[PDB]
Amino acid sequence: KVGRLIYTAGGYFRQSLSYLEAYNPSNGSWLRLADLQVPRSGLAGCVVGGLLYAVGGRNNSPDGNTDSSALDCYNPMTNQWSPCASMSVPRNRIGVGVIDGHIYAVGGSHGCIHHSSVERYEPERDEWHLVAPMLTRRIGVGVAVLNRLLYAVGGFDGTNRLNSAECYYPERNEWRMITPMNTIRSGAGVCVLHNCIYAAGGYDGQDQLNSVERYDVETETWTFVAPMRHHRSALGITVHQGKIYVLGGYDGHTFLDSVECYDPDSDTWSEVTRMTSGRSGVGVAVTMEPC
Ligand SMILES: O=C(N[C@@H](C(=O)O)c1ccccc1)c1cccc2c1-c1ccccc1C2=O
């Protein structure tokens with residue numbers, strides 16, 4: 001269990017960013033690692049087999065905006081990125097979850113197109129294949145996996161921001177609606193901790209949110225927990241050693257550098273570090289330290 005870092009890839013501040021930086025909770029240090037080959041915001045990060053994957057996003061740049069169909073792999077042992085097979089379609093503001101060593105890419109946008117489509121990547125074969133689409137088109141969607149079931153939470157369908165959520169049952173290749181959240185959330189951070197799916201922050205159509213709610217997969221209810229110190233949309237999120245970490249985002253005024261940590265035992269958030277610069281739209285995942 002030792003030696004793991006929180007990696008943050010990409011993001012946005014004025015333009016999309018290529019940064020890969022890794023935080024060590026055991027000593028408070030940050031490392032700057034190999035830049036992404038292409039800057040991207042609105043991507044997602046995940047880890048399979050000790051390798052960090054960066055999925056989708058968009059390169060917002062002075063010379064144009066290009067939505068990304070890319071899958072790229074970072075190996076901490078070599079500090080190098082390698083391209084993988086690309087997805088069927090570009091997906092900005094994507095959500096991603098991993099089940100049994102397979103990466104699911106969910107929703108996202110391509111220009112004015114808001115996807116309901118979903119595809120699954122097989123690292124051993126370096127292939128993507130489409131699976132059943134969601135019941136709702138969702139961009140800015142939060143995704144997490146609990147008990148080998150995949151959840152898609154909130155987002156924007158092209159007309160309205162959403163409080164709805166749905167679950168994918170892989171052995172039936174089928175999506176079903178679950179109880180909706182109490183709050184509309186686009187661009188929330190969504191993760192799994194213990195028996196619950198958490199949705200932290202986001203934008204409700206009027207304001208960035210500091211509230212946080214969790215869905216108990218047995219009781220099918222959403223319950224609010226302690227709010228974050230900062231309102232934030234387009235935040236990064238991950239879980240490490242039993243605590244939720246939220247990174248960056250936009251608070252309605254500033255691109256945040258703060259990283260907050262949620263302790264479920266005390267139901268409290270604390271500010272634990274700051275990124276090297278404020279940014280939104282990052283991808284985040286946990287794997288072994290490099291070299
Ligand atoms: O929170 C906002 N927007 C969310 C939405 O539209 O649902 C969203 C959700 C997910 C990804 C991107 C955006 C929002 C509202 C007004 C002004 C601004 C933003 C914003 C967000 C991120 C970076 C910069 C800004 C910014 O200047």
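Excluded from the calculations below are hydrogen atoms, water molecules and symmetry mates; all remaining heavy atoms, backbone and side chain alike, are included. The chain is numbered in sequence order, starting from 1.
- Panel note: side chain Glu260, backbone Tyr245; no donor-acceptor pair is recorded below 3.5 Å.
- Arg232 contributes atom CZ, which lies 11.5 Å from atom OG of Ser280 (distance to the nearest 0.5 angstrom).
- Legend: side chain to side chain donor-acceptor pair (under 3.5 Å) pairs involving residues 196-208, not counting sequence neighbours, sorted by first then second residue: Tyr198-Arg214.
- Remark: the backbone N or O of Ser26 is paired with a side-chain donor or acceptor of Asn24 at under 3.5 angstrom.
- Taking hydrophobic clusters as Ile, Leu, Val, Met, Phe, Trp and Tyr residues chained together by side-chain heavy-atom distances below 4.5 Å, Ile94 shares a cluster with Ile103.
- Linking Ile, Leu, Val, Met, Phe, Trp and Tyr whenever their side-chain heavy atoms come within less than 4.5 Å puts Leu146 and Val190 in one cluster.
- The closest donor-acceptor contact from the side chain of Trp175 to the backbone of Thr136 lies at 3.5 Å or more, if one exists at all.
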Test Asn27 against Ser29 for side chain to side chain donor-acceptor pair (under 3.5 Å), laying out the working first.
-> CA-CA 6 Å; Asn27 64 23; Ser29 68; 2.7 Å; yes

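- Between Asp251 and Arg229 there is no salt bridge, since no side-chain nitrogen of the basic residue lies less than 4.0 Å from a carboxylate oxygen of the acidic one.
- Separating the OH atom in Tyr74 from the CH2 atom in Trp81 is a distance of 8.0 Å, to the nearest 0.5 Å.
- To the nearest 0.5 Å, atoms OG1 (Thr179) and CG (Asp216) are separated by 10.5 Å.
- In this structure, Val131 is not a member of the same hydrophobic cluster as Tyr53, with clusters built from ILVMFWY side-chain heavy atoms closer than 4.5 Å.
- Shown here for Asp267 and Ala226, the closest heavy-atom pair between the two residues is OD1-N, 3.0 Å.
- Contact between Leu36 and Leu17 at its shortest, heavy atoms only, is CD1-O, 4.1 Å.
- At distances below 3.5 Å, not a single donor-acceptor pair connects side-chain atoms of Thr254 with backbone N or O atoms of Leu256.
- Side-chain atoms of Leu33 and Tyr7, non-hydrogen and from C-beta on, do get closer than 4.5 Å to each other.
- A side-chain hydrogen bond (donor to acceptor under 3.5 Å, both in side chains) with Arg91 is found for exactly one of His115, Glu119, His110, namely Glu119.
- Placement of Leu71 and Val89 in two distinct hydrophobic clusters is found when ILVMFWY residues are connected by side-chain heavy-atom separations under 4.5 Å, directly or transitively.
- Note that CZ of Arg148 and CG of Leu150 are 12.5 Å apart. Values are rounded to the nearest 0.5 Å.
- Considering OG1 of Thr287 and CG of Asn75, their distance stands at 9.0 Å, rounded to 0.5 Å.
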Derivation of the side chain to side chain contact (heavy atoms under 4.5 Å, CB included) call for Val96 and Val55 | CA-CA 8 Å; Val96 162; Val55 195; 3.9 Å; yes

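- Using the six-membered ring where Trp is involved, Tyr250 and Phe255 have ring planes that are tilted, between 30° and 60° apart.
- Shown here are the side-chain hydrogen bond (donor to acceptor under 3.5 Å, both in side chains) partners of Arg176, two or more places apart in sequence or in another chain: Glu174.
- In this structure, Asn147 contributes its side chain and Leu149 its backbone to no donor-acceptor pair below 3.5 Å.
- To the nearest 0.5 Å, the span separating SG on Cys261 from CD1 on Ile244 amounts to 9.0 Å.
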Under the side chain to side chain donor-acceptor pair (under 3.5 Å) rule, what do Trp30 and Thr273 come out as? Steps first, then yes or no, please.
-> CA-CA 9 Å; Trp30 282 92; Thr273 191; 3.2 Å; yes

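- Heavy atoms from other residues, nucleotides or ligands lying under 6.0 Å from CZ of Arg137 number 12 at most.
- At least one donor-acceptor pair closer than 3.5 Å links the side chain of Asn173 to the backbone N or O of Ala132.
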Determine, step by step, whether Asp72 and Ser82 satisfy the side chain to side chain donor-acceptor pair (under 3.5 Å) criterion, reporting the C-alpha distance in whole Å, the side-chain angles of both residues, the deciding distance to 0.1 Å, and the verdict.
-> CA-CA 6 Å; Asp72 300 283; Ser82 297; over 6 Å; no

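- Side-chain contact check for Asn60 and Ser41: at least one donor-acceptor pair (N or O, by modelled atom type) lies under 3.5 Å.
- For CG of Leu193, the number of neighbouring non-hydrogen atoms (other residues, nucleotides, ligands) closer than 6.0 Å is greater than 12.
- Between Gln37 and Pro83, the shortest heavy-atom distance links the atoms OE1-CD, 4.3 Å.
- For the pair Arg279 and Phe13, the cation-pi criterion (under 6.0 Å, within 45° of the ring axis) is not fulfilled.
- Side chain of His230 to backbone of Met228: no donor-acceptor contact under 3.5 angstrom is found.
- The backbone N or O of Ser88 lies less than 3.5 Å from no partner atom in the side chain of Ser69, so there is not a single donor-acceptor pair.
- The heavy-atom pair separating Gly202 from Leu235 by the smallest distance is N-CD2, 4.0 Å.
- Panel note: side chain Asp67, backbone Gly111; a donor-acceptor pair is recorded below 3.5 Å.
- Inter-residue side-chain proximity for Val259 and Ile6 is flagged as unmet; no heavy-atom pair is nearer than 4.5 Å.
- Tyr262 and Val272 sit in two unconnected hydrophobic clusters of ILVMFWY residues. Membership requires side-chain heavy atoms under 4.5 Å apart, directly or through other members.
- A donor-acceptor contact closer than 3.5 angstrom is absent between the side chains of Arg40 and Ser18.
- Side-chain atoms of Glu21 never come within 3.5 Å of backbone atoms of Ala9 as a donor-acceptor pair (strictly under, hydrogens ignored).
- Looking at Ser211 and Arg185, their side chains come closer than 4.5 Å, going by heavy atoms from C-beta outward.
- Between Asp126 and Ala85, the shortest heavy-atom contact is OD1-N, 2.9 Å.
- For the residue pair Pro39 and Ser16, the shortest heavy atom distance occurs at CB-O, 3.5 Å.
- Annotation: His114 is in aromatic contact with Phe156 [ring centroid separation under 6.0 Å].
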